[PDB]
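Chemist: part one of the assembly, not moved from where it sits:
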Amino acid sequence: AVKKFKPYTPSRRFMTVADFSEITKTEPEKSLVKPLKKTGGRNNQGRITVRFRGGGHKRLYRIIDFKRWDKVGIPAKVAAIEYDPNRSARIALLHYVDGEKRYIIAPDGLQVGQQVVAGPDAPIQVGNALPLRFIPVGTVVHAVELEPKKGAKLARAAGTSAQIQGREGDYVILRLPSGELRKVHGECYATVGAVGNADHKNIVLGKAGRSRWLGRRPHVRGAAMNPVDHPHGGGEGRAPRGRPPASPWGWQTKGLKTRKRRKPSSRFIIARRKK
C-alpha cells in the first residue's frame, strides 16, 4: 500500500509515500556500508555526460551480495529488512550461521526470522538461490545472472521478476521483465520469487522539490532552446518540430532502433520485447 496526504499544501494534495511497513531496522550494518562517490553526471574529464544530475540527498552504499554461490549449503537467518537509498527494492540483512553477515535484495514475501540457503540442493522456496538447471520450469525468479559466476544482472528492481519457460541443452529459456525471451546458461544462479516493494511504481512524487531530493535536476525541452543548442531550437513564437523529432545530438528519437546488429548475444535472444 502507498500512503496519501490531505491537501494541506498544494503539493500534499498529490504526494504519496511508501508506507515502509516491511522495514524492521532503520540503521545499516556498519561493516557493510561504504561512501558513494557522487558524480553529478560528470566523468573523469570533468565533463557532463548525463544531463540534469546532481544535488540529491547524501547516501552511503550498502554492499549487496550479487553472487550468493559464495556460500553453498550454508544457511542464514533473515535478521532484518532495511531501506536502501541506492535502489528501488528493499534489502534484507542475512545472518549466516557462519557468523558472516550479508545483504541480499528482499524478495516479495520474505519473512524476518526465516532461513534461506543457496546451492544445487536448495529447496524451492522464496529467498533460496540455485543454478537455473535445478529450478522447476514455471517458477518465477529474480536476481538472475547473465553468465555463470559474473553476478546477478537481471530482475533486480522493485516488483520485477523473470520466469523459467523451459530448457534447451546447456541453457534455460527465461521471460525477462521486459517481456523478452532469452536463453540463459543453466549454471547461472537465480533466486526464487519476485523482487519486493511492488508498490514502488504507484508513488506520486507530488512536487518539483521531490525530484530534486533524488538528484534529478530540471530537464529542458529541446523546443525551448535555440538552434545553437538543439534541432528543435529557435522558431518565432512556439513551433512544431518541423523535422523528425531528434535528440540534442541530431539522431531521431521516435522509433529508430539502436541495438548493434552484429552483436554476438543475438544468437541467444529468441524474441524481442513486447508492447
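Modeler: Arrived safely. Numbering: from 1, shown residues only, chains lettered A, B, ... in the order given.
Chemist: ok, how many other residues are close to residue A:242?
Modeler: 11 (other Cβ atoms under 10 Å). All C-beta atoms are positioned from the backbone trio N, CA, C, and that covers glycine.
Chemist: no no, residue A:34
Modeler: 10.
Chemist: need the contact list for the nearest residue to residue A:129 once chain neighbours are set aside.
Modeler: Spatial nearest neighbour of residue A:129, excluding adjacent residues (Cβ to Cβ, 6 or more residues apart in numbering): residue A:118 at 4.0 Å. Contacts here follow Cβ atoms under 8 Å, 6 or more residues apart in numbering; on that basis residue A:118 touches A:68-74, A:128-130, A:189.
Chemist: mind running it again at 10 Å?
Modeler: Listed by Cβ atoms under 10 Å, 6 or more residues apart in numbering, the contact partners of residue A:118 are A:65, A:67-76, A:104, A:127-131, A:189, A:191.
Chemist: now swap in residue A:134 and tell me
Modeler: By Cβ under 10 Å, 6+ apart, the contact set of residue A:134 is A:119-122, A:124, A:186, A:190.
Chemist: one more, chain B:
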Amino acid sequence: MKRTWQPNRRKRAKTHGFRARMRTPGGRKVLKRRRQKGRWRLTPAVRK
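Modeler: That brings us to chain B, laid onto the chains above:
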C-alpha cells in the same frame, strides 16, 4: 557591488605559481619567454 579581483594567496600560488608553470609544456614556454625577455619576476609574488 562585488568586483572581479577577490585576492586569495593559495589560489594565486596554485594557479600562476612556479610549480604550476613547470608542470606543463605551455607553462615552461611562459618561463622560457619571461626569462628571455629579462623579466625581474618570472611568476607572481604571493606572500605565503
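Chemist: once more on the contacts of residue A:118, with chain B this time?
Modeler: Neighbour list for residue A:118: A:65, A:67-76, A:104, A:127-131, A:189, A:191 [criterion: Cβ atoms under 10 Å, 6 or more residues apart in numbering or on different chains].
Chemist: hmm, 7 Å instead?
Modeler: Residue A:118 makes contact with A:68-69, A:71-72, A:128-129, according to Cβ atoms under 7 Å, 6 or more residues apart in numbering or on different chains.
Chemist: mind checking how far it is from residue A:71?
Modeler: Distance, residue A:118 to residue A:71, using Cβ to Cβ, to the nearest Å: 6 Å.
Chemist: quick check: residue A:223 is in a helix.
Modeler: Yes. Residue A:223 sits within a helix when classified using DSSP: H, G, I helix; E, B strand; the rest coil.
Chemist: please name the nearest non-neighbouring residue to it.
Modeler: Closest residue in space to residue A:223, ignoring its immediate chain neighbours: residue A:232 at 4.4 Å, by Cβ to Cβ, 6 or more residues apart in numbering or on different chains.
Chemist: pull the number of nearby residues for the one you found.
Modeler: 21 (other Cβ atoms under 10 Å in any protein chain shown).
Chemist: next up, RNA strand C:
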RNA sequence: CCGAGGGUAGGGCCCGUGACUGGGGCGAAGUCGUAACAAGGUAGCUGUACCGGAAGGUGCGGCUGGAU
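Modeler: Okay, here's RNA strand C dropped in alongside the others:
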C-alpha cells in the same frame, strides 16, 4: 437604561423582467426517409454504452409482452 425608527455593512427567501438559448405542446394544407404494429420485410421490447440527417443502429447482458 431601554427605545419608534433612521444610518453603515453583509447574508436568506420570494416575484416580475432579460440579449440569447433548450426542448415541449398544438396547427397543418409541406420536405426527407419508413422506426413500430404481420416473421412489419434485420422478431420486438429493454438498462447502458458508443455512433449516425431523421426516425434509428450496433455492442454487452436481460424479458417474452416473439412468428414459423
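Chemist: the contacts of residue A:134 with RNA strand C there, same question as before?
Modeler: Residue A:134 neighbours (Cβ under 7 Å, 6+ apart): residue A:120.
Chemist: please report phi then psi for it.
Modeler: phi -100, psi 0 (degrees, to the nearest 10).
Chemist: now it: how far from residue A:190?
Modeler: Applying Cβ to Cβ, the value for residue A:134 to residue A:190 is 10 Å.
Chemist: contacts only, for residue A:180.
Modeler: Contacts here follow Cβ under 7 Å, 6+ apart; on that basis residue A:180 touches A:269, A:271-273.
Chemist: just among these, which is most surrounded?
Modeler: Most neighbours among the contacts of residue A:180, by other Cβ under 10 Å: residue A:269, with 15 neighbours.
Chemist: please name the nearest non-neighbouring residue to that one.
Modeler: residue A:182 (5.4 Å).
Chemist: one more: residue A:53?
Modeler: Once flanking residues are discounted, residue A:53 sits nearest to residue A:41: 3.4 Å by Cβ to Cβ, 6+ apart.
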